[PDB]
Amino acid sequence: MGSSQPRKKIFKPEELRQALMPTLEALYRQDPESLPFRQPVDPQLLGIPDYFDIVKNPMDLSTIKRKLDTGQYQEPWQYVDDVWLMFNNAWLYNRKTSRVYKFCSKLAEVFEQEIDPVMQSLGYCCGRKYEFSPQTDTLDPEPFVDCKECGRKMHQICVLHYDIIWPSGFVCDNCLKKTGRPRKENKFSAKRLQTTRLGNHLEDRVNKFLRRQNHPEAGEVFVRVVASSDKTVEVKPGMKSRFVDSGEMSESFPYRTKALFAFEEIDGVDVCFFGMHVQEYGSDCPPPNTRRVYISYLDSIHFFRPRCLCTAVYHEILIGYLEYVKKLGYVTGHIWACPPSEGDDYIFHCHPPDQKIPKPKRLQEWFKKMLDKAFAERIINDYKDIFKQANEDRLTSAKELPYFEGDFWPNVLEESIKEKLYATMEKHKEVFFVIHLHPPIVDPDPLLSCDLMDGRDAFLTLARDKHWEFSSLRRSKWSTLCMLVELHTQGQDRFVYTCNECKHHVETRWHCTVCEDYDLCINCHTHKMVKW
């Protein structure tokens, strides 16, 4: 196994100890919590013959101090890997309630507190030992990268490096201004996703909502429609043999589905904090589904800054969505406000351990004050739950109720043919909403084919495989980084560009610095234009 890197950062024993040991000391100073840790665990004093079958690499403060004093640590990470072995062996063996389990956790908050600054002035990211959350005995570790010039290993996720964005390799931040060089731009930003009129309207609406509230920690929001697709929902076999064999409802029903996410700039980087999937049923779609939209799935990560503005802006996206489709020509909208089943993640792969899933009535109340704000806003002009709507509209037939993809009702009907049914309605009135908004519908936005976002399953599976967890602010940033690379670079659309005055095909063109998608010929406008 041949190796090389020539201007390595190597640490000689006592420069390490001069930096590292103040941290060991802070552990030792913790009294009594330190005491079961100043010595190697001795199962014959303690009375635990199982120990060495359980913890197969014992570690303790004294061993660490010996390695430090004698110089057996070449790089600081070996140091910090060794104390976390100490902690991890304790949390393993001992019961979550035992005393030394508790001792241990206190040494660890102390060590976290002390280790990060020193590892940082030694030019590393943190002093932590990170493993991804358990999958379907053992856990996967966070990735590292090596500065091409230091050689000093850093958490990939900490320093947010990805070779696709910077193919020349990773180089650290201090060596970078040693280089006189700043880091090249991450072109694969939320802002730089193709923009759409739908995405713009939601984007434009909320950020000067935020402007009106004007809290200092808030950053820019970007709303992007990352997929758009023409599908049709087939009538499930029972109801179709009973109704379209008859000729009373159509076999298929066309709809356009859109997936659209919302990003905020946090610490200088895009964080994805909201995502949604709609089904839009146009004006050519036969009854019962003509001119209506349906909010399939809605999902969220709580790292929007500030949290007090957080919920309001979710509402601003939703209400802004209905505002948009209204004017296009839609007339009614439909929310199935059903809260998650089973730690079911709707769109984002590993939610924060401490962002709790709501009970259904929380979620209904939520959606209800959602709609009240828009009613007051003169956006929606009325809304009711499904029975004040259904029996107020006098419906007696199963053909009369909108029939959506993946929706509850197609499948309550579908198995109800062998076996009563207005009652199966009456139970669940509070979970389904009917939104009254009020000349063919035509969508200005082009179709975006993105297989990763066609339906919610592709993004989730890819995230499981790539460990793009949304479970911490630092992981969401990294998961957002790579989500954005997937959208930018493995979308399915090729672009043919055309001149905005003559409609002609173009290769060379003069790109406005001004308009969001504008490109004049050479056969030539008001604005400064560059050649693209």
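Residues carry their position along the shown sequence, with the first being 1.
- Missing coordinates between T136 and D137 amount to 10 or more residues of the deposited sequence.
- Deposited sequence between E419 and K420: 4 to 9 residues lack coordinates.
- Just going by the entry, 456-464 versus 138-146 on mean CA temperature factor gives the higher value to 138-146.
- Mean CA temperature factor is higher for 242-250 when stretches 242-250 and 158-166 are set side by side in the entry.
- Highest CA B-factor among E264, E234, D116, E415, as stated in the entry: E415.
- Highest C-alpha temperature factor among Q279, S449, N214, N289, as the PDB entry reports it: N214.
- Ranked against the other modelled residues of its chain, the C-alpha B-factor of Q120 as given in the entry falls in the lowest third.
- Annotation for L202: CA B-factor lies in the middle third of the chain's modelled residues.
- In this PDB entry, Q492 carries a Cα temperature factor that places it within the highest third of its chain's modelled residues.
- Annotation for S34: CA B-factor lies in the lowest third of the chain's modelled residues.
- In the deposited entry, the Cα temperature factor of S229 places it in the lowest third of its chain's modelled residues.
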